[PDB]
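Chains as they are written, first to last, in PDB author numbering: chain A, 243 to 290; chain B, 677 to 724.
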Ligand SMILES: *[C@@H]1O[C@H](CO)[C@@H](O)[C@H](O)[C@H]1NC(C)=O
Ligand SMILES: *[C@@H]1O[C@H](CO)[C@@H](O)[C@H](O)[C@H]1NC(C)=O
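Here's what the structure looks like:
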């Protein structure tokens with residue numbers, strides 16, 4: 243069953259979707275969703 | 677001169693100020709999801 247969620251999708255250079263993040267899953271996904279990147283560097287980030 | 681005075685004076689210098697952080701979704705829209713969806717169309721103002 244689909245629920246009201248916010249997701250971030252990574253689009254390939256050919257146009258396809260290659261990765262996804264459910265922003266409500268864990269604090270790491272919330273950190274990734276606060277920025278716009280699938281790769282987070284070392285540090286402390288304030289999250290929405 | 678035939679004498680001298682040992683003078684101690686104070687100089688007050690600011691060094692730092694308070695570190696503040698802002699959540700855009702709480703400030704602009706609060707908790708309403710309609711405003712959050714409409715704010716998603718404004719791009720990367722809040723990342724900046
Ligand atoms: C994009 O498509 C081309 C043509 O089929 C293919 O050679 C290439 O490997 C694709 N690139 C990726 C990153 O999948
Ligand atoms: C210099 O001033 C101090 C403080 O008033 C005094 O005690 C001392 O005698 C003075 N020295 C001379 C050489 O006048």
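Quick reminder that beta carbons are idealized off the backbone N, C-alpha and C, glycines included.
Asked                                                                                                                                    : Found
Under 7 Å Cβ to Cβ from residue 247/A, same chain only, skipping five residues before and after it: list those, please.                  : 264 and 266
Cβ closer than 9 Å: which chain B residues qualify as neighbours of residue 290/A?                                                       : 699, 700, 701, 702 and 722
Give the secondary structure of residue 274/A by DSSP, where H, G and I count as helix, E and B as strand, and everything else as coil.  : helix
Just verifying my parser: in three-state terms, what is the DSSP assignment at residue 691/B?                                            : coil
Once DSSP output is grouped into helix, strand and coil, what is the label at residue 709/B?                                             : helix
Is any heavy atom of ligand 1 found at a distance shorter than 8 Å from the C-beta of residue 261/A?                                     : no
Do we get a CB-CB distance below 9 Å when we pair residue 709/B with the residues of chain A?                                            : yes
Looking at the C-beta of residue 244/A, does it have a partner C-beta in chain B at a distance below 9 Å?                                : no
Would you mind sorting residue 711/B into buried or exposed? The rule is 16 or more other CB atoms within 10 Å of its CB.                : exposed
Apply the 10 Å Cβ neighbour rule to residue 274/A and answer buried if 16 or more other Cβ atoms are within range, or exposed otherwise. : buried
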